[PDB]
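Below: the structure, in structure tokens.
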Amino acid sequence: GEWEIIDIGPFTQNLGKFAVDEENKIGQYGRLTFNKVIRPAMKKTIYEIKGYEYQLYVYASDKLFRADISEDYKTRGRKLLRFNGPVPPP
């Protein structure tokens, strides 16, 4: 696949919210409150397209985490791949 840097507009913020919502279902960090996604946001496109992956820096409950998210082209399904941290600011 190929990687590009993307903006941190509303669509990206909603991916961050997705990630925190999914991590809350897992419960590994306890209950987290989504704050914001910060730069840099990275997007991978996997080939007709199979899907996408995102690597995001997400503040939740005033702590910084790294979240990876997949998105399937044909099913539109999103999945949280991993959620790690706290991490230092980029």
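Note on naming: chains are A, B, ... as they come in the structure tokens, residues start from 1 per chain, ligands start from 1 in the order shown.
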task: Report as a PyMOL selection string: the residues of segment 25-82 of chain A with a DSSP assignment of strand (DSSP E or B), based on the backbone of this structure.
output: chain A and resi 34-46+51-60+63-72+78-82
task: Skip residue 79 of chain A itself and residues of its chain fewer than 2 positions away, then list as a PyMOL selection string all residues within 12 Å of it, counting only C-alpha atoms.
output: chain A and resi 15-16+18-23+51-54+67-72+75-77+81-83
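Of note, atom CA of residue 65 of chain A and atom CA of residue 7 of chain A are spaced 17.9 Å apart.
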Quick one: residues within 10 Å of residue 73 of chain A, only C-alpha atoms, excluding same-chain residues fewer than 6 positions away - as a CSV table (one decimal) with N, CA and C atoms, in the first residue's frame?
```csv
chain,number,residue,atom,x,y,z
A,45,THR,N,-3.5,3.4,1.7
A,45,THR,CA,-4.5,2.9,0.7
A,45,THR,C,-4.0,1.6,0.2
A,46,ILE,N,-4.8,0.5,0.3
A,46,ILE,CA,-4.4,-0.8,0.0
A,46,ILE,C,-5.2,-1.3,-1.2
A,47,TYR,N,-4.5,-1.6,-2.3
A,47,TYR,CA,-5.1,-2.1,-3.5
A,47,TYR,C,-5.3,-3.6,-3.5
A,48,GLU,N,-8.6,-1.6,-8.4
A,48,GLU,CA,-9.6,-1.6,-7.3
A,48,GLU,C,-9.0,-1.6,-5.9
A,49,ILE,N,-9.7,-0.8,-5.1
A,49,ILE,CA,-9.2,-0.6,-3.7
A,49,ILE,C,-9.7,-1.6,-2.8
A,50,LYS,N,-8.9,-2.3,-1.9
A,50,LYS,CA,-9.3,-3.2,-0.9
A,50,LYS,C,-9.8,-2.5,0.4
A,51,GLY,N,-9.0,-1.5,0.7
A,51,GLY,CA,-9.4,-0.7,1.9
A,51,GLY,C,-8.3,0.3,2.3
A,52,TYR,N,-8.5,0.8,3.5
A,52,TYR,CA,-7.6,1.8,4.0
A,52,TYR,C,-7.1,1.5,5.5
```
Using only C-alpha atoms, what table do you get, as JSON lines, when you list each residue of segment 17-49 of chain A with an atom no more than 6 Å from segment 57-60 of chain A, its nearest pair of atoms, and their distance in Å rounded to one decimal, rows by chain then rising number?
```
{"residue": "A:32", "atom": "CA", "partner": "A:60", "partner_atom": "CA", "distance": 5.8}
{"residue": "A:33", "atom": "CA", "partner": "A:60", "partner_atom": "CA", "distance": 5.1}
{"residue": "A:34", "atom": "CA", "partner": "A:60", "partner_atom": "CA", "distance": 4.5}
{"residue": "A:35", "atom": "CA", "partner": "A:60", "partner_atom": "CA", "distance": 5.1}
{"residue": "A:36", "atom": "CA", "partner": "A:59", "partner_atom": "CA", "distance": 5.3}
{"residue": "A:37", "atom": "CA", "partner": "A:58", "partner_atom": "CA", "distance": 4.5}
{"residue": "A:38", "atom": "CA", "partner": "A:57", "partner_atom": "CA", "distance": 5.7}
```
Write a file of the selected residues as an mmCIF file, in the first residue's frame, keeping C-alpha atoms.
```
data_model
loop_
_atom_site.group_PDB
_atom_site.id
_atom_site.type_symbol
_atom_site.label_atom_id
_atom_site.label_comp_id
_atom_site.auth_asym_id
_atom_site.auth_seq_id
_atom_site.Cartn_x
_atom_site.Cartn_y
_atom_site.Cartn_z
ATOM 1 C CA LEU A 32 -11.589 7.082 28.147
ATOM 2 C CA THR A 33 -12.962 10.425 26.992
ATOM 3 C CA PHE A 34 -12.094 11.431 23.440
ATOM 4 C CA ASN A 35 -10.411 14.827 23.320
ATOM 5 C CA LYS A 36 -8.919 15.316 19.867
ATOM 6 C CA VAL A 37 -6.765 13.931 17.073
ATOM 7 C CA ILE A 38 -3.502 15.844 16.486
#
```
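Distance-wise, atom CA of residue 6 of chain A and atom CA of residue 24 of chain A end up 25.3 Å apart.
When only C-alpha atoms are used to compute distances to residue 64 of chain A, the closest of the residues A:8, A:43, A:84, A:26 turns out to be A:84.
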- prompt: residue 5 of chain A: which residues within 7 Å, counting only C-alpha atoms, same-chain residues fewer than 4 positions away excluded, as a count of residues only?
  reply: 4
message: Please return, as number ranges by chain, all residues of chain A that DSSP assigns to alpha helix (DSSP H) on the basis of the backbone.
response: A: 10-26
Would you mind exporting C-alpha atoms of the selected residues as an mmCIF file, in the first residue's frame?
```
data_model
loop_
_atom_site.group_PDB
_atom_site.id
_atom_site.type_symbol
_atom_site.label_atom_id
_atom_site.label_comp_id
_atom_site.auth_asym_id
_atom_site.auth_seq_id
_atom_site.Cartn_x
_atom_site.Cartn_y
_atom_site.Cartn_z
ATOM 1 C CA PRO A 10 -13.924 16.480 11.135
ATOM 2 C CA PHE A 11 -13.571 13.142 9.289
ATOM 3 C CA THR A 12 -10.244 12.497 11.004
ATOM 4 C CA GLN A 13 -11.604 13.606 14.361
ATOM 5 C CA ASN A 14 -14.438 11.107 13.925
ATOM 6 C CA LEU A 15 -11.937 8.306 13.296
ATOM 7 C CA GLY A 16 -10.353 9.265 16.623
ATOM 8 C CA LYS A 17 -13.719 9.148 18.307
ATOM 9 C CA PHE A 18 -14.328 5.734 16.725
ATOM 10 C CA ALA A 19 -11.017 4.529 18.126
ATOM 11 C CA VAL A 20 -11.784 5.691 21.667
ATOM 12 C CA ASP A 21 -15.314 4.224 21.498
ATOM 13 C CA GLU A 22 -13.859 0.874 20.432
ATOM 14 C CA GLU A 23 -11.133 0.979 23.089
ATOM 15 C CA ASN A 24 -13.793 1.654 25.709
ATOM 16 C CA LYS A 25 -15.524 -1.593 24.712
ATOM 17 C CA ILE A 26 -12.234 -3.418 25.246
#
```
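Atom pair atom CA of residue 63 of chain A / atom CA of residue 89 of chain A has a distance of 9.8 Å (rounded to one decimal).
Shortest separation to residue 66 of chain A among A:9, A:86, A:4, A:28 occurs at residue A:86, atoms counted being only C-alpha atoms.
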